[PDB]
Structure formats: structure tokens, C-alpha cells
Amino acid sequence: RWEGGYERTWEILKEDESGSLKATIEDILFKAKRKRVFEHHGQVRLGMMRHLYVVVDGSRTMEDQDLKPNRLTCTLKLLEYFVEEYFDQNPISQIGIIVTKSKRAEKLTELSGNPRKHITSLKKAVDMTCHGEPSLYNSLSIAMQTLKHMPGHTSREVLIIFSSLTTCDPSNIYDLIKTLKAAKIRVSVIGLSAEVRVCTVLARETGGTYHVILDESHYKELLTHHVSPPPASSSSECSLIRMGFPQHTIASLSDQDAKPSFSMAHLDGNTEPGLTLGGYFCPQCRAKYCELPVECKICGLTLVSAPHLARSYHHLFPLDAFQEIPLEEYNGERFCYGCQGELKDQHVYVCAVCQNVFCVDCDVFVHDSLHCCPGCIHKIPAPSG
Amino acid sequence: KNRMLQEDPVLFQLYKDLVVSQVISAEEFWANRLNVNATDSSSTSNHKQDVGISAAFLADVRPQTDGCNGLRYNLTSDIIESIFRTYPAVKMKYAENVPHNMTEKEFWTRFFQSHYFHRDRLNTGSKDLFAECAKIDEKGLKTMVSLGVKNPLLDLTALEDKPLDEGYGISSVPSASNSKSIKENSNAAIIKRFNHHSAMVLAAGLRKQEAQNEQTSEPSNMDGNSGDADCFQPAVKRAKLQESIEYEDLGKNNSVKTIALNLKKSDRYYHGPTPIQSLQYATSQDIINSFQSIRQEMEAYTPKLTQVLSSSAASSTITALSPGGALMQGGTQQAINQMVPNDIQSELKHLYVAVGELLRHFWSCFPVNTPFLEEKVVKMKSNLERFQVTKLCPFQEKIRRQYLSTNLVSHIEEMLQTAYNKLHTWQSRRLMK
Amino acid sequence: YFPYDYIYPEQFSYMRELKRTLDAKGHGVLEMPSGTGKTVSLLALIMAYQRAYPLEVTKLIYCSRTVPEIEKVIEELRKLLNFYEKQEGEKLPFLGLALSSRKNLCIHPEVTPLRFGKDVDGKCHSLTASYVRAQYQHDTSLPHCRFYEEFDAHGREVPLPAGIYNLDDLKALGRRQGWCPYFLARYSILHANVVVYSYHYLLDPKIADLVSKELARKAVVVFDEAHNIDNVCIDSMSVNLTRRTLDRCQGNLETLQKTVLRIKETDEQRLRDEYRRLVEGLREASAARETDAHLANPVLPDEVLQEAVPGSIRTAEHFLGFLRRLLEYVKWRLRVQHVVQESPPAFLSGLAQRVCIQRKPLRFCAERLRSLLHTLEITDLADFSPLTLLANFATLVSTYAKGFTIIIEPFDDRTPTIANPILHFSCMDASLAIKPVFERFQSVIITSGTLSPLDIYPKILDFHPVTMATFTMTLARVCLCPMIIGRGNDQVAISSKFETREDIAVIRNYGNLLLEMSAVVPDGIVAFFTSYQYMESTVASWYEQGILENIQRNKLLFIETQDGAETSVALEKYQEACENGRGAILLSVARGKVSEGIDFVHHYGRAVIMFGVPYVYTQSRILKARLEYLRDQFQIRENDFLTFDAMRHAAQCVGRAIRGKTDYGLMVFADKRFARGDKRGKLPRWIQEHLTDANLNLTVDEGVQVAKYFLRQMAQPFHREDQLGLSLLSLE
Ligand code: SF4
Ligand SMILES: [Zn+2]
Ligand SMILES: [Zn+2]
Ligand SMILES: [Zn+2]
């Protein structure tokens, strides 16, 4: 019965085209198993200066293995990567690390952009018991009251790491729809290997996007989907003003070494508990402390540092696309317009405008690292006007 | 407010010098410092295992109700308190039998020993809660009547009074319904006990925010698996329009920044007779001239031997190899000049920045004459003297020496100035009476 | 004609189903997936046939089994009314009559809020056509039945109502223009174009609720979920008789005699004028609204009650006939309580020894029961209700007994002693309940989403031109996960071999297979137990032994009560306790009447666990005569329907949570009897692609990851699922 039936599952799998060329097409189906969803982007409108809120379910669902030795191990490790790749892409923003554990919510790291503080917090978050049940109501309470004091010229989005369990919290979180719909705060959850309808209704009543974790690769995808600053609901803001351009200071300008250290509890700046020698300078406090391209606590305006953060999204929107042809128009001497090679896996990648020939390793290098076709350069800037 | 300033010694160390150096008052301490964390920092003691507890603890109240004869009194909620935080009239019943069981510890066992098993009829207090819960379900009966839709108690009743039947459908039990009379009595109470535990959500759903709509059936219920509602609708040309005008502005004004414009056109103007092309002719001639000159590389054999131009090339190397006379030992008084200002004046200065940021803030809206409050226009006046006086003796304590003082006071006078800037700018918009 | 969008290629699968069953006058049997609008499928072509008149005539009667879903039928067809209305241009006249008679009745705040239906309608009719028919004129006793008086004035008038209403419409219109549901409905039956009401109301042989005029020209009637027709029809003619009833009847025997004694000629000469008219020319005098208040026809397929005024000429003489009956009937009861005896026509024969004149006064009694009270028009109906029981009974014993069955059940069923004996008269031929239906109708279509063996329409013992198997495709990824369990570790014993109380070692792992179902599956689950004491047996070990210790911690639990009052409570909770931050799995009984009228949605309720073979197991010896008669019909049926009776209730209960076609459903099968029986009982569209593809003896611990694999994939973005646009043949 089953001793045969356990091995009727092997009968077909093991066997293939016999005689010659065996265990060959089994490898071909594995390549045919590949090539999942690429981009499907092309959007406009919103996404600028997010104010994210990490919300972590700490529950007994973590004790199931399912991808890793812990579901936090699946979670927490790639959050650091998600932190770094965020600060890579979006430095104009800041993130609220808030942890739910034992039916409450602990705002673990404040809404800020200092990566080491966030990452070591995750390195502190390693040895978490995740005792108790999830409570989103305490999480939204922090999320309200913090972002309540943020301007309406702020992007208001929440990223919830939920372990798909029972949403164990009172006090009419169904009525928190109209609370937060009016409060123009977006809330995005993704479910860990299952679905919560109420939370699924929550996000579809939000405009925040809900998903379910499939796999570790798939876990990365939706992170990567939420790296990009999304086009949230209309009528948020237009502008955001008193973007402080700073100065770097060399502390060697006119008076050479007239100050042994530029942090002595009286100097304009010197914000954090450490010694400094003068590296930076804000306009409004005239605040000189450790360099930070974010904001301050006395002038209270945004320490904008343009080549970093006014450059990041500044080309992250205006992209175009390529096309693929299997044909052989042999442009070059059977070459690439970029790296100049050939393999011909029938993916001859042609630009939409300048129409230049590329490979996967030239398409990926654009579509992950270069983000534009340089074949448009020499082709845009010469007749540009 | 006082437990806040005692349990936190760092903020107390901040709160000390406003009394020690007499910077501000306590009335001024709780007027412009906290003001936001009254919801944020006070969000700990109110929630505490999600208050307005309805569906969080109720999952765990029955399994964690007993460890042992005395496994109780953990912390605050430990294992007894949120039981009280759901039943109200039953909480009045608890209060009624604490002297009946004398010791409260005795009550913790007795009041819950017999109610846990099957049935509690030994004391008036146990019987009080027992009878009340039947009335509670009788009270819970009346509320379910008021909804009365999607409830086939209505739909079943239409088919049984009509033939005068479904009393036999009740009275048709097999399997030895003759001589036990034990669990027939028991299980219906446990049915009743967990329906109490089921309506314990209902007994705590009112605690949430009173949670009432009671369902007038909303007669549409349009099965919409189709239709393509497609809730979000972006892309009605919003950043398409920005791209058409900002790159147009990045076209007509391509980098009008510091070096980005002024050196740019100045050397384009230096190209001169470039539409005349007479320079471009000589260019294209010099393109044609040294065309051949590179490739021969006999001219470019010896484009190296100029040791005349090695010495000067060695020179600014050696010149930049030794800068000198710039106070190598720049510190070594900094340790004394750290511990003396970073004993008070790190926190003292922070007393200002908790306030002076708001001092920038009220003036950050004041000429609109909207945020013009008496609470704020004299808060302009209040801390003005409360800070710019209390720094003067920390200023005057360090002018004990002269060059030990005059280096650091080049950097503190901003605090005097950003004060006086604000004060100076205050009358740039002259306020009326 | 409402295709209106992608209709999951089914209306075309049912397009020719109409055109074969209707144009050729086909009787017709439809399979339907539970995941299909029961009317969006059907009425969209039916209402299309209402517009597409053939030779001339298109009636519509419709029935179903629950009055909320009755209105749910009405609910979206109002947009279907509006749908082509804008499309075809103008709007034509229409009427759909929800006629739930005994349910919604009186606006009057005095009559209304007394809980039951029948007794309070007796107060209503006693007021209208017994107090204000006897005491015609008056001021105080007349009271204020204005709505009936408004109907009497409106009878002369000819209004034209709008579209199809509900039972809350005539209620608010009771203070406005409506003259109450009972008569505005009588006037609207006069020109009704669509009737929806209960499957029960048509199938009342006790009071023969003749809905239309008997017009079998083209009588066009539609049937959904027509599963337990026997459990309708046999129970529709089932007659219970309490000893407590008889003694109360024994008490109002001489009570009514005192009314006879106090009335000398006042009501008596009222009889004398018209009892002579009973002899001269036979005509009912209680034919207003008292024809539906009294037993209209206990035994409908008869010729006529020609020689009325039976062997009984006077009233106390007729009263003595019941003294000859009841006092002998307890003599036919009290000694018989020692032995269960199944002798239906032998009883009336031995009765003929005891009853002096028989077989006419047996059949001509219940009207002369009523009519000799009609010259009184005094007795309140709930008082008189246990009496109308009795003259119904021997009337039924008079006419149809040789095909039917008498059963006497004195012993232990909720009486541990013999403290309430009972007998029953059942019929057996639901055919003969539905033969008059079929003769009164044209050719009318059953649709049952559970009916997998077509061989059970000859359990209805009838003929069928059209009886096929509806096959729908699923480009919705995978419709559902049917999961036969058969654990090997905890060793499946899920049929009650060692019965629900013979061993709890069986029961040691129903919690284990549930809690893990609870742990994985979110979003509310409604499971099906067998009976109430089974349910009471189900949770019996669950409290005292450690069971709920994680079960209440994961979701919560909704006990359904033997009493329907407390049963409706958790319901109020379950629709709420799912839609908040709680899964809250409901716990219920299959054969109990918690299993109809719901239509669970993807919102709440999306999984069902089988528990045991869903067969009867309870009522003794109601089987054997029912058994042997189908053994007198088909002779190998012991094995046969005693499978399907479980099966016809199984997916009746189980196959409910999936609607539309994307709504999900985890209908797992914890069962020991699966080998042929579950396979025969599951739909031929549903055994084929889904049931046991390679998953039969699926131990729960292994079957854990199945639903995990199921849902996680199936909760991915649904870009497109079987999108139909234009007509591209495909030819199924
Ligand atoms: S007739 Fe219409 S109103 Fe008069 S009793 Fe019956 S319902 Fe109440
Ligand atoms: Zn400033
Ligand atoms: Zn390339
Ligand atoms: Zn290009």
C-alpha cells in the first residue's frame, strides 16, 4: 500500500529520458523553475521623506522554525539589511523601531536615522524571549501620539512585522480605522506565513499594502517592494521648509588650534555625550557637533546635506525601460554596448530610445546599480534643449 | 509629577540645577518641558497588559488561574487582578465575601476552590456570584433580542408552533437516559461556565469604547467577488507633471549653484569665436595637426627627461612633507576643561535647549499673529531672564583666568546671542498692545 | 440577461439547463457547487424566462428553507431588477411575494411581542373572525383591527403595488398604507408573478396550505437545497400525542360541555338553521381566513367529503363520539405502553370493534369538530389546539394508513421513567406528499448542491427526463482542500464503532487534531457535531481532563445550546468575534438546526472539520418500516441510503462556507468511513479534481503542513481567476 505509495512519489521524479542523457532535463526544469517577478514599477505621485514605524510581533509564533531556527532569525537578520538598504536608498526618512512583547508595545528605538543605533538595537533584539501575545492597539497608540506631533508635511507610514497570530488587543481597533484614516497615517503589515482578515481588512481600509510571507527569498521581495517610497494617498502635503544647509568645519580656519576640543558644554552644538574637535555647523543654532545629515534638537530644523539625500530619490523616479529580443542584429561586432561581450541567451537588451544592445549583466547593473541607461547619455545631452 | 523627578536621576540632575542655580521654577518646569510626553511617557502605566481588557488576557485567564495553594501575587496583575478587571457586579460580590472568608488569602482559595470544579453553594458570597451569572445570561438574553437578524431562533420558531411539534425532536435522546443524573447536571453548567467565559468578551466589550451598533441587518450584502472595485487609484498625472517642468527648470537652469554656474558660462564665453568657428577651425586643424604627432611617439619618446621639472615637482612634495609651527600639543588642558563644564554645564545648557527650541518655535509663527497667546508671548518674556542671568555666573566663574577663558567664550556667546537674536528680532516685528 | 462580468463559466453551463428543462417540459435535477450564487445562477435565467414567455404562460413559485435566506434571495435581485431596467430602457411591472405566514404577523403593540407564533395568531384570529365575526357590531369588544377593515375597503378598490417587498416593509406600512401581511398578500396572490416562502409552508398536509389556485397549466416552481425531503414530508405528516395533552383534552371535554349546557337555543338555533343547510347543500361557512386557521385538508389527495354529517346527527352526540374516541383512545394508549407496536391498518380495524360507527365519522370529524365550535365561536384557539390535534389524527387514520405507518414510542426518550409515553403516525410515501405537488405542477426543478447520487430521486420514487452532473472548471488556483484524515499515529476510529460513549481513548486526539487546526487556521471555523448529547459528550472530557488549556488561548469557543435562545447568542458573538482581533472558532452540531440559513463568507467562517459519520444513530424503529418499504421498492437499500442519509446531510452542512468562487474553504474529513461512502457522497465535480488526489490516510501531524501549503499560496495576489469576456466557444 504505502510502502509502494511512498516510493510511487520517487518512480516518476527519478526517472527521465533514458538511454543516453539521463538526469539532464531534471536540471532544465530547475532552470525553468526560476525567473520570478521582476519589477512591475512605473509609478508617480507620492513617496518622499517617510517616517516609518517598525512594529514587531513578539509572540509564541517565533518558536516555530518554518524558515530558520527562529522566525525572528528569519526576521531580525534581514531587517539590518533592510535598514542599511533603506538608508542606502532613502536617507530623507527615519524609522520608529517599536516592539510588541507581552500584550504591550515598547518603542525600542526612537524615530531616527542613525543606523548603528538601529542595528545594535537589532543586535540587542537577538535574545528576545517574545513572551506573551501581540497587541497592536498599544502599538498604534505609540504610533498615533508620536506621529500626532509630527507635521502634516510628513509621510506617515507604518511597517508591521506580524506573526499572523490572534490580534490580541481590546478597545475597538476597528474604530481605529476612522481614527487613522482621518489622521492620514498609513499602516502596512505583512503576515508571517498566514493571514489575519481583520488586519487584511485593516490594510485594505488603510491603503497600506498587506502581504503574506511565503519564503525567505519571498520575504526579501516585499521588503524590497517596500524599500521604495510608495505613492500613498493624495492630499498629504506639497512642501517642507527651512531645510538647513550646514557647513563642514575644519577647526583650522583662521585661529589654528585655539580650542583643544570643540565640545565643552558651552559651544553651540556639542549635542551628544562625547568629545569632538569641530567638524560640522548648522545655520540656525549655529550648532557644531558630530556630523549628521538629518536634523537637530535646538534649531530643530532639518540638517539637510544635499549630495546625499537630495540626490538619492532625485534619480529614483525618472526611469524608463528596455526591451528584450532573441534576434540577431549583431550590433557591435557581436558585442555589448556596455560590457562588450557575448553569450547569446537570446536576451538582446535594447533601449527604448537610444536603442543600445545590452546583456543581463548590463541590464541588472542598470536596473539594480546604475538605474539609467548611459546610452541615453551621448544621445540626450548632445541635442538637449 | 514628583515621582517622575525622583525615579529618573538623570532628568533629576537636569531638574537640580534649575533649583540649584535657580534657573527656572517648577511651575515653569512643567510648563514648557513635558507637554507631549503627557501622552507618550504616561502610556506605560495606563496600558499594562492592554487595558480595557477584552480579548488579550481572556485567552489566558483560565489556564493561568492556578499554579498551587499559594502561587499568586506575582507583580501587579500577576494572576488575579484582570479577573477583577472584567466582572463589575461580580466585583461588588467579591467585596461582599472578603470578611465572610476573614483572611483575604483564605478568600483567594475558598472563593475560587468550589467555583472552579462544578458548582459553588457553600457560602452566601459564592451563591451571590452564582445566581447573578444566571441573571447575567438572562440580561444577556435581552440584548441579543435587540439585534434579531441572522438569528434563526426566529427562523426555527416558525416551524414548530405551526404543527405544535419539535418537542419530540427535543425529547428523542438515545443512549441510556435513565439512571445517571451526574453530567447532565454538570456539563450544562460547564456549557454555562464557558459561555460566561465567552460572554466575558461581551462583559469586557462594553469596556472598550462601549461598542454599539446592534445590526439593523443592512439589507444590501452585495456578494462582490467580481466588479473590480480596485480600491487605490494613483497615476492621474502627478509626478508626470513635475518631470515636465522641473527638468525643464533643470534644463533652463542647470546647476545655478556655487561653482556650478559661474565658472561654467565664463569659460563658455571664453570659447569666443566658436560660432565664428575660427578657433574651431584652428582646433580642427590642431585636431589634424597632432593627429600624426601622437602615433609616431618619437616626440613621445622623450617627453620624460626634464629633471628641471623634477626638482620643483620634488619641492612642493617636500614643502607639504613638512608643515611646521602649529601647536602640536593642542590639548592637555582639555581634561580640566572637560570635567568642569561637563559636570553641570552640559546639563545646564540642556536646560536651555529644552526651552530655547520652543523659544525659536513661538517666534517661528509670531508675525502671522495666530499662535499669539498670553501663555506664549510672556513665555517669550519668562525664560528670557531665567536663562540669560543664570549663565552669567557660570560665565563669570571661568573668567578667573584670561586666555583660559577667552578661547571658550568665543563659542558660548552664541547662547547670549541666540537669546538676544530672538529678543532683537522680537521687536523687528513691532507688537501692538 | 445579467452576464454582467466574468461569471466563472457557469451561466452557460446552466443556460441550456433551463432550455432543456423548460422548453421541453423537463422535470429536472441540478448539481450545483456550494460556491455559486444559488439564484445568480438560477433566477438570472428564470427571470429571463419570466420575460421570455413561450406559448404564453410563465408562473413563478419559489421556495427555500430559511426566512433570512428567503430575504437574501430577494436582496440582490432588486439590483437585478434594476440591472436590465436601465439597459432594456423602461421598467415593466413586477411582484415577488415573500409570504412567511406564521412568522411576521401583527403591528399591534399588545398582540405582537408575545414570543410564539401559533398561539398569538390564534389570539389575532379569535379577535378578528371569532370575536368580530360573532359580535359583529360593538365598540370595546370589537377593539381595533383597522388593517383588516382597511383590506375590506381595499377589496372594493383596485390598487397596483410596486415590486417585491420584505416582512419589514408591510410592518412599517401597517401604520401607513399596508393592510397587514395576511390580506395584502391574499390580494397580491390574486395577481402574483413570483412567490418566495418556506419549503415547509407548501408542504403542510395538516393544514393544506393551498397557495395558488390549482392551475396546472404551466405551474412553474423552483427548488433549491431540497435535500431532506423525507425529513420534511414524513415529519410534515408526523403526529405526536402527549398523555398530558389528552388529560388537558380530557379536562376541556366537560369544559366544552358547560358551554353546551349554558347555551339553550341562542347558538343552538344558529346551528339548526345551517345544520339543515348542511344537509341541503354543502358549503363551508368558515371560508374567510378560517379556512387556513382550521385543518384545510388533512388528507389532500381525496375526491371530496361528499356525505358529510356522518354517523352523528347531534352535537353532544358528536361530542360523545369523541368520548367514544378519546376514552377508547387512552384505552388504545395506556395498556399499549408496554410494547412498541407497528400496526397501522390493524389499529383502525380493531378500533372498528370499539368505535361503533367508523371510517365515515373517522374522516368526517375535524370539520364537525370545528363546525360545532363554529356555531359556538367562543373557545380560544390555544385552549382548543390540543383538541384539533386529535380530530386531525383519526382523520389521517381514516384515509391513508395501509401505505403509511403507526409507531408507538412510550419508552425512554428524555423520560427516564415512562412518565411521558407517546405514539406517532408517520407517513412513508414522501412521493405521495409530492405526487400531488407534481400533479398540481408542470415540471419543476430540484437543485441540491449536496445530491451526488442521482439514484435517490427514485427514493422520491419518481420520473426524471433531465438528471446530469454539473462540472465547473477552477482557474481560481484550487477551489478547496478536501482532506480525508485517517491518522495512523493516533489510529483513526472516527466512526462511532466504539461509540461516542464507549471509550475516550478515541477522544484523546480530536482535541489534538483540532487545536492544531486551531493553531494553523485563522479567521473562524464552524465545525459540526452529531447531536446535542454527543456535543455534551464531546466536551465532557474536555473540561475535567486538560483540553482547553491552549484552545481558549488560541481562539475562543461558541457553545450552541439545546435551547435555541442561547444558541442565537454566541451567534451574535461569532459574527462579531471573528471581525475583531480574535479567531473565535464556533462549535456546532450537523444534524441540529444550527446548520441552515447562514451562507458563511470569506469574512467569517472559512473551514469545516468532519467529526464522525453524520448518520442518524438516534430514533429507534423509524428505520425498519422505512427500510422495508424501500426494500419493497428496490430491495438492496439497507447498505445504500444509510450511507447517503449521512452524506446528504454532510455537505449540506459541510459544503456551506464557500460562496462566489474564491471565498476559500478548508473542508477536511476526520472520518473512518471514506472508502466508498464519502466518495459516493461527494459531488462528481468535487471528487474529481480535489478529493484524494494522492491524499487519503493523511495523519493530522502530516496534514498540518497541507493547509499551511494550501492557504499561504492561496492568499497570494489573485491577478485573474477564470475571466470570461466575449463568447469563444470553448465547448466545456
Ligand atoms: S389581521 Fe393583521 S392586524 Fe388584525 S390581527 Fe392579524 S395582523 Fe394583527
Ligand atoms: Zn537654531
Ligand atoms: Zn550587456
Ligand atoms: Zn540609453
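Chain C residue numbers are taken from Swiss-Prot; in order, the displayed residues are 11-742.
Cβ atoms here come from the backbone N, Cα and C positions, even for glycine.
Around the Cβ of C:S44 (ATP binding site), the number of neighbouring Cβ atoms within 10 Å comes to 25. Mapped onto three states, the DSSP output places C:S44 (ATP binding site) in coil. The ATP binding site annotation in Swiss-Prot covers C:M42, C:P43, C:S44, C:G45, C:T46, C:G47, C:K48, C:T49.
Residues annotated as [4Fe-4S] cluster binding site in Swiss-Prot, with experimental evidence given as evidence: C:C116, C:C134, C:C155, C:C190. Take the CB of C:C116 ([4Fe-4S] cluster binding site) and look out to 10 A: across all protein chains shown you find 22 other CB atoms.
Per Swiss-Prot, motif 'DEAH box' is recorded for C:234-237. Helix, strand and coil content of the motif 'DEAH box' (C:234-237), in residues and according to DSSP, is 0 helix, 1 strand, 3 coil.
According to Swiss-Prot, the feature region 'Mediates interaction with MMS19' maps to C:438-637.
Counting residues per DSSP class in helix, strand and coil order gives 7 helix, 0 strand, 7 coil for the motif 'Nuclear localization signal' (C:682-695). The annotation motif 'Nuclear localization signal' is assigned in Swiss-Prot to C:682-695.
Cα to Cα, C:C134 ([4Fe-4S] cluster binding site) and C:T49 (ATP binding site) are separated by 35 Å. Taking the centre of the Cβ atoms of C:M42, C:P43, C:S44, C:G45, C:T46, C:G47, C:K48, C:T49 as the ATP site, the nearby residues of that chain (Cβ within 8 Å, site residues left out) are C:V50, C:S51, C:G459, C:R669. Taking the binding-site residues C:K48, C:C134, C:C155 in turn and counting surrounding C-beta atoms within 10 angstroms, the largest count is reached at C:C134. C:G47 (ATP binding site) has a Cβ environment of 19 other Cβ atoms inside 10 Å. Over all protein chains present, the Cβ of C:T49 (ATP binding site) has 23 other Cβ atoms lying within 10 Å.
C:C116 ([4Fe-4S] cluster binding site) sits 38 Å from C:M42 (ATP binding site), taking the CA atoms of both as reference points. Taking CA atoms as the reference points, C:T46 (ATP binding site) and C:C190 ([4Fe-4S] cluster binding site) are 35 Å apart.
Chain B comes close to C:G47, taken from the binding-site residues C:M42, C:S44, C:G47, C:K48, C:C116, C:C134 by a C-beta to C-beta distance under 8 angstroms. For the [4Fe-4S] cluster site, the Cβ centre of C:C116, C:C134, C:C155, C:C190 serves as reference, and the other residues of the chain with Cβ at most 8 Å from it are C:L115, C:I117, C:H118, C:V121, C:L137, C:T138, C:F157, C:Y158, C:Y192. When each of the binding-site residues C:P43, C:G45 is scored by how many other Cβ atoms sit within 10 Å of its Cβ, C:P43 comes out lowest.
Sequence-distant contacts of C:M42 (ATP binding site), defined by Cβ-Cβ distance under 8 angstroms and a gap of at least six in the same chain, are C:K48, C:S51, C:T457, C:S458, C:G459, C:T480. Rounded to a whole number, the C-alpha distance linking C:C190 ([4Fe-4S] cluster binding site) with C:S44 (ATP binding site) is 36 angstrom.
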